[PDB]
Amino acid sequence: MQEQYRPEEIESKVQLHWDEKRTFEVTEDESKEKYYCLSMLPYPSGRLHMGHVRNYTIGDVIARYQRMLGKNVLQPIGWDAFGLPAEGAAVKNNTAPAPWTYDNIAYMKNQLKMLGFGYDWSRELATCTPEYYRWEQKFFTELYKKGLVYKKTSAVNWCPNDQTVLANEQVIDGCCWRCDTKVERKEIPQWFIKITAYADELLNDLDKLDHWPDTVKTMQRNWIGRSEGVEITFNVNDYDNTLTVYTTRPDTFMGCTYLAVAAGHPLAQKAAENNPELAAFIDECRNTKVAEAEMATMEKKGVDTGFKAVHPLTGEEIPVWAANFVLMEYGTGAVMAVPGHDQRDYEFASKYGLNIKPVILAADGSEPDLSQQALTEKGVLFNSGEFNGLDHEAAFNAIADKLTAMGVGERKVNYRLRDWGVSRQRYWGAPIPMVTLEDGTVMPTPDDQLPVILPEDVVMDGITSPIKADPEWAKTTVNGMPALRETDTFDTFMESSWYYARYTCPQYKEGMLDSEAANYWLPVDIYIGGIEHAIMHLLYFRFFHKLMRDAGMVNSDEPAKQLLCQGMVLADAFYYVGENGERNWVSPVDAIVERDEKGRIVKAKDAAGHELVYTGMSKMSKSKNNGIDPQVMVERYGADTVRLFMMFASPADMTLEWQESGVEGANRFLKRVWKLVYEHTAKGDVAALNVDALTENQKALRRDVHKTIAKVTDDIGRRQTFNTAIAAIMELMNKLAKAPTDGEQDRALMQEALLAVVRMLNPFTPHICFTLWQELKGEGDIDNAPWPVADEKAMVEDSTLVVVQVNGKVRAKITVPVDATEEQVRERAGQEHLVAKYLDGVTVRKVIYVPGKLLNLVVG
RNA sequence: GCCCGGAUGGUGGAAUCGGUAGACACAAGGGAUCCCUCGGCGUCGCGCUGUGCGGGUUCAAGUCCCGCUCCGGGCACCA
Ligand SMILES: CC(C)[C@@H](O)[C@H](O)C(=O)NP(=O)(O)OC[C@@H]1C[C@H](O)[C@H](n2cnc3c(N)ncnc32)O1
Ligand SMILES: [Mg+2]
Ligand SMILES: [Mg+2]
Ligand SMILES: [Mg+2]
Ligand SMILES: [Mg+2]
Ligand SMILES: [Mg+2]
Ligand SMILES: [Zn+2]
C-alpha cells in the first residue's frame, strides 16, 4: 500500500475490474430478493453537469447499499435521446441530429463510467433507436384501436415567415429566436391520448403511494384538478347556436351578469363581421402566446360582442363578451361570470361597467358591501328568486336539479388535466404510425410496416423537417391503395414514459416487454430524479404503467414504490442578445461578474466585452448553457472526492446552489482514511478481539463505532440524509485517529472499526473503499461484503446527559444515571453553582422534565 | 397570476418526534502534516443577544400557526 492516496492509480483499475467481472450485470435470479434502483435517464446534450452527478450518485449510493444488504440490484442506464436540442445543435454545427446525439452518448457514457456508477451496461438503451421506438409505435396503434387516441385541433406557436412550429422555449417575448417577427397561434390537428380516461385512477392511487413525498402527491392532485360542477347551456338571441359553460359554483348562478367567450369562438367571429373594434381585438388575440403563465398575467381585456345570452332562470338578456383570457381548446370556449362573488370577474366588470349583482349575504345576514371587492365566501343566497335562504350545498343541489329538469344543465365532473398532446412537427423524434389513404380515411400504420423508421441520414435547414420536405418519404400502400404516412413525430415524453420497463428486457425482440422479466423486476423500488419532473413526467409515467397493466403486460397498479426527488442543482445563468435578435447564453465559468455585499451579482460581462443579462440562479440546463461539467474536478481530485462532496454538501431533497469551494473537505477526509488504514495495516495482522476483556476506554470507542453503524444505516436507509451519514463517519474517523494502537486489543478494535468505516463509505467512495478493503484483508470484493450491523450489547449506556435550563436558558449539563428519578435530577441540578445562582431568591413555579434529556425549572 | 418548495455564522450545512442553536466541513485569522480561534454586542473561569422580516400558540419555536419580503421548481412544445 502506497502511503499517498492516488486516485489516478486506483479509480480506473477498479472500473476496469467491474467491467471485466461484469460486477453490476444482473439477471432474473429467483434465489435473491430483487431491488430495482432507477435513476431518471440522461438526455445526451453533450456533457454531464452537476445535476446529473447528484442524481446518479444518490442512485449509486443506494444501489451499492442494497447490494451490500444481499439484494440483486438492477441499476440501469440509458439515453433519452430524441428531442429539440439535437435539432438546433445540428444546424449550427453542420451535422445531423443522429450523429450528434450518438457522439454525445459516447462522451457522456465515458464520463459516467469515470464516476464509477455501478450500472448494468448490458441493459443500455438509446430511445432514438428503432429497436426501442418500434414498440411505442406498435403500442400507439393498439391504443388507437382501443379508442384511447383521437385527433383534434390544438394551438401551436407559429412563425408566419419561417412557417415553423415553435416550442415555448424558442418563443422569446412573443417573438422568435431566429429572425424577428410576431409569433402567432395557429390551430393545428394533432393526436391526443386520453389520459383523462385515467384521471380518477391517477388521482386516487396517490393514496397508496405512502413512500412518495406529499410535495409531489399534492402538485399532482392540483394539476389533475378534479372538480364537481354543472354544465349550463344558454340560448343566444340572434344566433342559432347555444353556448355552454361549466361552473363549480352553480349556487351563485342568479348573479351571473355576463358571459365571456374566447377570441376564436364562432359567436365572436360572427359578431366580428359587423364590428371593427371586435375584429381588431380577435386579431390581437392570435398573438396571445400558448403558455398558462402568460394567459394569467396579461392585462385582462374584453370587447362586447353585441350578442345577448338569455339567463335560463331569470330570463334577462346578458351580454356576451369576447375575452383574451378564455380559450377555445380548454373547454366549451365560454365561461360565465359572477362578479359579485368571483374577484377576477369583479375586476373585469369594474373595468367595463358590467353589472355587479349580489346574491350571497354577508356573514351577519346583511347585504354585502361590494363597492371595493367581491364577496368570495360561500354563504346564504338572496336576490335569487326561489333559491333565497339556501346555503351552498342546498343551492348547488336546488339549482342543479332545476337546470337539469329544464334540460339546460347537468352535473358534470371536470378535470384541469387535459389530454396528452403527443404530436410534434419536428424531425428528431419517433414517427407517429398513422396513415391517410387515398380514400381520405385515416388508420394506423399496418403491423407489417412497423417500425416506421426515421431516416437518420439527413440534410437539415432549421425550417422544415426532412420527412416533411421529401415528397417520396411519406408514400406507402395500405389496403391495396396509395397512402401517406404521418410526418409528425412523437412528444419525447413518450419514450421516457416506459423506458423503466424496457430496461428489464432491452434485447427482447418478440414484444415490447418480456412480462416474465418485467414482473421479476417491477415495480421500481426507488425512482431517483429531480423535483423538476414531479408533475408532467411522473404523471405520464404512472399513466403508461397503467396502460400496460391494462394490456396485461404488468402486474402492479403503480410503477414505483418509492420516489426520491432531489432538489435542483442551480447555477448562475447569463445571456447577451446577438446582432440578429437571438439570446446567446454564456457559461458562468466565462462570465466576469462584480458582486454585492450580500453576494448578489450586480454587473456581468463576457470576456469578449458583451454585456450579460443575469437571469438568476436556475437549474443547471442544456438550454441555458449554465451546466457545470464535473470532468475537471474528477480529473483533479478523483471521482470518489466529487461523489462524496456532492453527497456531503446538502441533503438530496434541498435545492443546491452549486459551488466548487468545499471539495477540499471531501478530498482531505479521504486522505485521512487512507492514512489511518495505511498506518494500521503497516503494523500487520491483528489478534481476534476479546470483547469480554475490554477497557472502559476501549468499550467507549467500540460503543461509538456501533452507534455510528446504526446511525449511518438509518440515515441512508430510512431518512436518505446522506450528508449527515457522512458527518457521522467523519466524527468516528476523528475519534479513531486519536485512538491508541500499541496493544493487541487496541489494534483488534481498530481492525473492526476500520472494516466498518470502509464498508459504510463504500456507497459514496467505492474506488478507495474497494482498495482499502483489500488492504484490511476483508473477505472478497467489497461490492459483495455484508453491510455492517450494529450490536445492541456493544452500545448500552448507564449514564445520560441532562441539560439543565432555568427559565429556558441552559445553565448546566450533568450526567445522570439512566434509572434516576426527576427528584434526583433536581437535587443534582441544585448542586451546580450556575443553577443555584438563578434559583436564589426565587420560587420554582413549574418543573419540566424530559426524562434523560432536559430539566427546565421555571422560576420567579 | 396559480400550485409546490425555500431563507440558520464569511460559506455549505446540523439540530430526526416542539426540548443544548451553529454538529460536520469549507474559508479566514493565529500558533507549531498537526493544534487553536472563529454569529454579534458587552462582569469573559461571565452575561446579553441571535435561525430572512412582522406577529401568535406553548414552560419552550430553527421546528407548529397567520402574515410580509426575497428566491427556486412547475405551469402542459425544454426534457
Ligand atoms: C426521465 C426523463 C423525462 C428525464 O430524465 C429527461 O430525460 C431529462 O431530464 N434528462 P436530463 O436533463 O439529462 O436529466 C436527467 C435527470 C433528470 C433529473 O431531474 C436530473 N437532473 C437534471 N438536471 C438537474 C438539475 N439541474 N438538478 C438536479 N437534477 C437534475 O437528472
Ligand atoms: Mg442557506
Ligand atoms: Mg444566511
Ligand atoms: Mg433549540
Ligand atoms: Mg455564541
Ligand atoms: Mg427572525
Ligand atoms: Zn421567426
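Rules used throughout
Residues numbered from 1 in each chain as written, not as in the entry; some residues may be left out. Chains lettered and ligands numbered in written order. Heavy atoms only, no water. Near = heavy atom within 4 Å. Polar contact = N/O pair within 3.5 Å; in protein donor to acceptor, adjacent residues only side chain to side chain. Helix = DSSP H or I, 4+ residues; strand = E, 2+ residues; numbered from the N terminus. Nonpolar A, V, L, I, M, F, W, Y, C, P; charged D, E, K, R; others polar. Pairing = 2+ DSSP bridges. Axes fitted to C-alpha atoms, helices over the stretch in contact; angles between N-to-C directions. Parallel < 35°, antiparallel > 145°, perpendicular 65-115°, else oblique. Contact = heavy atoms within 4.5 Å. Areas by Shrake-Rupley, 256 points an atom, 1.4 Å probe, with all protein chains shown as cover. Left-handed = near helix turned anticlockwise from the far one by under 90°. Buried < 20%, exposed > 50% of the residue type's maximum accessible area, 1.4 Å probe, protein only. UniProt positions renumbered as here; feature names shortened; annotations may be inferred. Salt bridge = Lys/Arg side-chain N within 4 Å of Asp/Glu carboxyl O. Expected span 1.5 Å × (residues − 1). Disulfide = S-S within 2.5 Å. Core = buried A, V, L, I, M, F, W, Y, C linked by side-chain atoms within 4.5 Å. Domains from an automatic or database assignment.

S.K.: Before we go on, may I ask you to explain the protein's contact with RNA strand B in this structure?
M.R.: Neighbouring residues of RNA strand B: 83 residues in total, closest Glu292, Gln425, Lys619, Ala649 and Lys837. For RNA strand B, the backbone makes up 65% of the atoms found within 4 Å of the protein, where backbone means sugar plus phosphate. At 2.6 Å, a backbone N or O of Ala649 approaches a sugar or linking oxygen of RNA strand B. At 2.9 Å from a phosphate oxygen of RNA strand B is found a side-chain nitrogen or oxygen belonging to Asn723. Broken down by element, the residue count for the surface near RNA strand B peaks at six residues, all from helix α21 (residues 722-737). Taken together, the residues that form the surface near RNA strand B break down as 34 nonpolar, 24 polar and 25 charged.

S.K.: I'm lost on the pairing of strand β7 (residues 184-193) in this one. Help?
M.R.: Put simply, side chains in a regular strand alternate between the two faces of the sheet. Alignment of strand β5 (residues 149-159) against β7, held across 10 bridges, turns out to be antiparallel. Across the sheet, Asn157 pairs through a bridge with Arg185, a residue of β7. Pairing geometry for β7 and strand β15 (residues 420-421), over two bridges, is antiparallel. Counterpart to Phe192 in the pairing with β15 is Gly421.

S.K.: Could you clarify how one ought to interpret the packing of helix α20 (residues 696-719) against helix α22 (residues 744-761) in this entry?
M.R.: To characterise two packed helices, one gives the angle between the axes of the helices and the distance between these axes. Between α20 and α22, whose axes approach to 11 Å, the crossing angle comes to 10°. As far as their axial angle goes, α22 and α20 are roughly parallel. Mapping the contact onto sequence places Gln698, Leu701, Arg702, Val705, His706, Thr708, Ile709 and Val712 in α20 and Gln745, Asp746, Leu749, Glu752, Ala753, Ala756 and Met760 in α22.

S.K.: Could you clarify how one ought to interpret the site of ligand 1 in this entry?
M.R.: Taken together, 25 residues lie around ligand 1, and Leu41, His52, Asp80, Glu532 and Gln566 are the ones closest in. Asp80 places a side-chain nitrogen or oxygen 2.6 Å from an oxygen atom of ligand 1. Contact distances for ligand 1 include 2.9 Å between an oxygen atom and a side-chain N or O atom of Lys622. Protein burial of ligand 1: of its 610 Å² of free accessible surface, 96% is covered by the chains. Counting residues per element, the ones that place at least two in the shell around ligand 1 are α2 (50-68) and β22 (524-530). Here the shell around ligand 1 gets four residues from one element, more than from any other, and that element is α2.

S.K.: Sorry, what's going on with the packing of helix α18 (residues 639-649) against helix α19 (residues 663-682) here?
M.R.: At a closest axis distance of 8 Å, the pairing of α18 and α19 adopts a crossing angle of 125°. Compared by their axis directions, α18 and α19 come out oblique. The crossing of α18 and α19 is right-handed. Counted together, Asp640, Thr641, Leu644 and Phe645 of α18 and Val663, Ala666, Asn667, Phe669 and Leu670 of α19 form the full contact between these two elements.

S.K.: Looking at this structure, I do not really get the environment of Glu532. What am I missing?
M.R.: On the secondary structure map, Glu532 appears in the loop between β22 and α16 (536-550). Classification of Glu532 by relative accessible area gives partly exposed; the value is 41%. Through-space distance from the C-alpha of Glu532 to that of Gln566 is 9.0 Å; in sequence the pair is 34 residues apart. Residues within four places of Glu532 in sequence aside, it is in contact with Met568 and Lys619. One polar contact links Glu532 to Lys619, side chain to side chain, over a distance of 2.9 Å.

S.K.: I would appreciate a short explanation of the UniProt feature "short sequence motif: 'HIGH' region" in chain A in the present structure.
M.R.: The feature "short sequence motif: 'HIGH' region", as given by UniProt, occupies residues 42-52 in the numbering adopted here. Along residues 42-52 the backbone is 27% helical and 0% strand, and the end-to-end C-alpha distance reaches 8 Å.

S.K.: Got a minute to help me understand the side chain of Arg64 in this structure?
M.R.: Within the fold, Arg64 resides in helix α2. What makes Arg64 buried here is its relative accessible area of 2%. For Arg64, the side chain forms a polar contact with the side chain of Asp783, separated by 3.4 Å. Residue contacts for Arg64: discarding those within four places in its chain leaves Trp18, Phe24, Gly116, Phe117, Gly118, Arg643, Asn762, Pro763, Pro766 and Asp783.

S.K.: Hey, could you run me through the pattern of salt bridges in this one?
M.R.: Two side chains of opposite charge can pair, provided their charged atoms sit close to one another. Inspection of the entire model under this criterion finds 48 salt bridges. We note a salt bridge from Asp173 to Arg583, for which the minimum N-O separation is 3.9 Å. With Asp173 in the loop between β6 (164-166) and β7 and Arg583 in strand β25 (residues 583-586), this pair connects stretches of sequence that are 410 residues apart. Taking the relative accessible area as the measure of exposure, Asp173 reaches 70% and is therefore exposed.

S.K.: What's the story with unusual backbone geometry in this structure? I'm lost.
M.R.: The phi torsion of most residues other than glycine is negative, and most of the peptide bonds are trans. Cis geometry is found at the peptide bond from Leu450 to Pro451, where omega equals -5°. Residue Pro523 follows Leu522 across a cis peptide bond; omega there is 0°. Of note, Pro523 is situated in the loop between α15 (515-521) and β22. Positive phi values are uncommon outside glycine, yet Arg22 reaches one of about 50°. Turning to its location among the elements, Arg22 is positioned in the loop between α1 (11-20) and β1 (34-39).

S.K.: Would you explain the environment of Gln2 in this entry?
M.R.: Relative to the elements of secondary structure, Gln2 occurs in the segment before α1. For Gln2, a relative accessible area of 42% corresponds to the partly exposed category. Aside from chain neighbours lying at most four places away, what touches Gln2 is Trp674 and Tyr678. A polar contact is formed between the side chain of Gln2 and the backbone nitrogen of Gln4, at a distance of 2.7 Å.

S.K.: Which parts of the structure should I look at to understand the sheet that holds β1?
M.R.: In a beta sheet, neighbouring strands are held together by backbone hydrogen bonds and run either parallel or antiparallel to one another. Reading across from one edge, β2-β1-β22-β23 is the order of the four strands in this open sheet, with parallel pairing throughout. Looking at strand neighbours, the two that pair on one side only are β2 (72-74) and β23 (560-566), the edges of this open sheet. Averaged over all neighbouring strand pairs, the angle between strand axes comes to 20°, with direction disregarded. Here β1 pairs with β2 via three bridges, running parallel. Across the sheet, the residue bridging to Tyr36 is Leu74, located in β2. In the packing of α2 onto the sheet, contacts are made with β1, β2, β22 and β23, and the angle to β1 comes to roughly 175°.

S.K.: What's the story with the sheet that holds strand β31 (residues 809-817) in this structure? I'm lost.
M.R.: Across the sheet, four strands lie side by side as β31-β30-β33-β32; this open sheet has mixed pairing. Both edges of this open sheet fall to β31 and β32 (844-850), since each of them pairs with a single strand only. The average undirected angle you get between the axes of adjacent strands in this sheet is 20°. This element, helix α24 (residues 822-830), spans β30 (799-806), β31, β32 and β33 (854-859) of the sheet and lies at about 115° to β32.

S.K.: Explain α19 here, please?
M.R.: Owing to its 3.6 residues per turn, the α-helix brings residues three or four apart onto one side. In this model α19 runs 29 Å from its N-terminal to its C-terminal C-alpha over 20 residues, within 8% of the 28 Å that 1.5 Å per residue would give. Among the residues of α19, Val663, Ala666, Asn667, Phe669, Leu670, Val673, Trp674, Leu676, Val677 and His680 are the ones counted as buried. Buried positions along α19 lie against α17 (631-637), α18, α21, α22 and α23 (766-775). Two residues or fewer past α19, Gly684 is found with a positive phi of approximately 100°.

S.K.: I tried to follow the state of the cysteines on my own but got confused; where do I start?
M.R.: Every disulfide links exactly two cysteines, by a covalent bond between their sulfur atoms. What the rule picks out here adds up to zero disulfides. There is no disulfide at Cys565, and the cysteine sulfur nearest it, in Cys37, is 14 Å away. Residue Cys565 is classed as buried on the basis of its relative accessible area of 8%. For the unlinked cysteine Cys769, the closest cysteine sulfur is that of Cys37, found at 18 Å. By relative accessible area, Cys769 is classed as buried at 1%.

S.K.: Honestly, the nonpolar core in this entry has me stumped. Any pointers?
M.R.: Generally speaking, soluble globular proteins have nonpolar side chains that are buried together. One finds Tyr527 and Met548 to be the most contacted residues of the largest nonpolar core, which totals 177 residues. The element that contributes the greatest number of residues to this core is α22, accounting for 10 residues. For this core, the domains that each give at least three residues are domain 1 (1-226 + 415-571) and domain 4 (621-797). Excluding its chain neighbours within four sequence positions, the residues that come into contact with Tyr527 are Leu38, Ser39, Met40, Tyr499, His537, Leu538, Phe541, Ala560, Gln562, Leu563 and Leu564. Within the second largest apolar cluster, 43 residues are counted, among which are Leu243, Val261, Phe307 and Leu370.

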